[PDB]
Amino acid sequence: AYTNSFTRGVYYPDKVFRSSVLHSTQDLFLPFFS
Amino acid sequence: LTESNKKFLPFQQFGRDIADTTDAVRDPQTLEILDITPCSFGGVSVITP
Numbered sequence: 032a033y034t035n036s037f038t039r040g041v042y043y044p045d046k047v048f049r050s051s052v053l054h055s056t057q058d059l060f061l062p063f064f065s
Numbered sequence: 024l025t026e027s028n029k030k031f032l033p034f035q036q037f038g039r040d041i042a043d044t045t046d047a048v049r050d051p052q053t054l055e056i057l058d059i060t061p062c063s064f065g066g067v068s069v070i071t072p
């Protein structure tokens, strides 16, 4: 069967730390509601 | 340098800045997080009559 992954499959893309920023990353991700 | 309260995950060793500059580091020998801050600078104005 099938089901919908709402906002799952989300990880930290890089080996670096950030804080209180909105960071854009083009990486291997799981699309939302997939 | 200075002690920092940032949390670096075990794989995380360097924290980058907006300008892709490391603004916080993890020491390879001791696993503690250090603050980074560029040294003071500024123009030198000369006031003269």
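Protein chains in written order, with my numbering: chain A, 32 to 65; chain B, 24 to 72.
Positions of the beta carbon are idealized from the N, C-alpha and C atoms, including for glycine.
Three-state class that DSSP yields for residue i in the structure shown
{"i": "B:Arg39", "result": "strand"}
{"i": "B:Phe34", "result": "coil"}
{"i": "B:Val69", "result": "coil"}
{"i": "B:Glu26", "result": "strand"}
{"i": "A:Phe64", "result": "coil"}
{"i": "B:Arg49", "result": "strand"}
Beta carbon proximity, residue i to chain B, threshold 8 Å
{"i": "A:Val47", "result": "yes"}
Contacts that residue i makes with chain A (C-beta to C-beta distance below 8 Å)
{"i": "B:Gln36", "result": "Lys46"}
Beta carbon proximity, residue i to chain A, threshold 8 Å
{"i": "B:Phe64", "result": "no"}
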